[PDB]
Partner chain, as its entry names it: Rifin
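Only one chain is included here, represented as structure tokens and corresponding to the form deposited without the partner chain.
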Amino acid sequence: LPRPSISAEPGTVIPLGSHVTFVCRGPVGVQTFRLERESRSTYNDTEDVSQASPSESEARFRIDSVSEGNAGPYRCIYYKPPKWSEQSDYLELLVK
């Protein structure tokens, strides 16, 4: 149960009305990835997990039509049956 990592495509700075894709990574054997807002506390779960390497699985989350409301810190957590991981480091989305 390593610490998950979070990244953003195309990056942390997003124009208004555009989109961003959050990519969480964990070890193999993840059943669920959660994208969690640290602020506004909304979660996003998926089991749409792909294997990116022998020791790495990932899940992607797209947020569309970003506005000032979606700006803030995001974190990833995974469930590797039967235990939930620690949270990832945060990533702040800036909506310019």
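The term rigid core refers to the maximal set of C-alpha atoms that superpose within 1.5 Å between the two forms. Numbering follows the first chain given and starts at 1. Shifts are known only where both forms have a C-alpha.
*Asks:* Higher average CA B factor in the deposited record is what I'm after, so tell me if that's 47-55 or 30-38.
*Replies:* It is 47-55.
*Asks:* Is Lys83 in the lowest, middle or highest third of its chain when residues are ranked by C-alpha B-factor?
*Replies:* Within its chain, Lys83 is a highest-third residue by C-alpha B-factor, going by the deposited values.
*Asks:* How does the C-alpha B factor of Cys76 compare with the rest of the chain: lowest, middle or highest third?
*Replies:* Lowest third, going by the recorded CA B-factors of the chain.
*Asks:* Is the Cα B-factor recorded for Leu16 in the lowest, middle or highest third of its chain?
*Replies:* Highest third.
*Asks:* How does the C-alpha B factor of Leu91 compare with the rest of the chain: lowest, middle or highest third?
*Replies:* It falls in the middle third of the chain.
Heads up, the form solved in complex with the partner chain isn't pictured, but that's what we're talking about next.
*Asks:* Tell me, yes or no, whether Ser41 is in contact with the partner chain in the deposited complex, where a contact means a heavy atom of each within 4.5 Å.
*Replies:* Heavy-atom contact with the partner chain at 4.5 Å: present for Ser41.
*Asks:* Whether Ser57 contacts the partner chain in the deposited complex should be assessed with a 4.5 Å heavy atom distance threshold; does it?
*Replies:* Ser57 lies outside the contact set for the partner chain.
*Asks:* Within a 4.5 Å heavy atom cut-off, is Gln31 in contact with the partner chain in the deposited complex?
*Replies:* Taking the distances in the deposited complex, the answer for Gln31 is yes, it comes within 4.5 Å of the partner chain.
*Asks:* Answer yes if the Cα of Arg62 shifts by 2 angstroms or more between this form and the one not shown on a rigid-core superposition, and no otherwise.
*Replies:* Shift of 2 Å or more: no.
*Asks:* Answer yes if the CA of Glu47 moves 2 Å or more between this form and the one not shown after aligning the rigid core, and no otherwise.
*Replies:* The answer is no, as the C-alpha of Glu47 shifts between this form and the one not shown by less than 2 Å after core alignment.
*Asks:* Quick one: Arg40 and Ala71 C-alpha atoms, closer or farther in the deposited complex compared with this form (3 angstroms or more)?
*Replies:* Compared with this form, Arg40 and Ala71 lie farther apart in the deposited complex.
*Asks:* With a C-alpha distance change of 3 Å or more, do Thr12 and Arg40 lie closer or farther in the deposited complex?
*Replies:* More distant in the deposited complex, by 3 Å or more.
*Asks:* Taking the rigid core as fixed, pick out the runs of 3 or more consecutive residues whose CA atoms all shift by at least 2 Å between this form and the one not shown, and give them in sequence order.
*Replies:* In sequence order there is one run that relocates between this form and the one not shown, which is 38-41.
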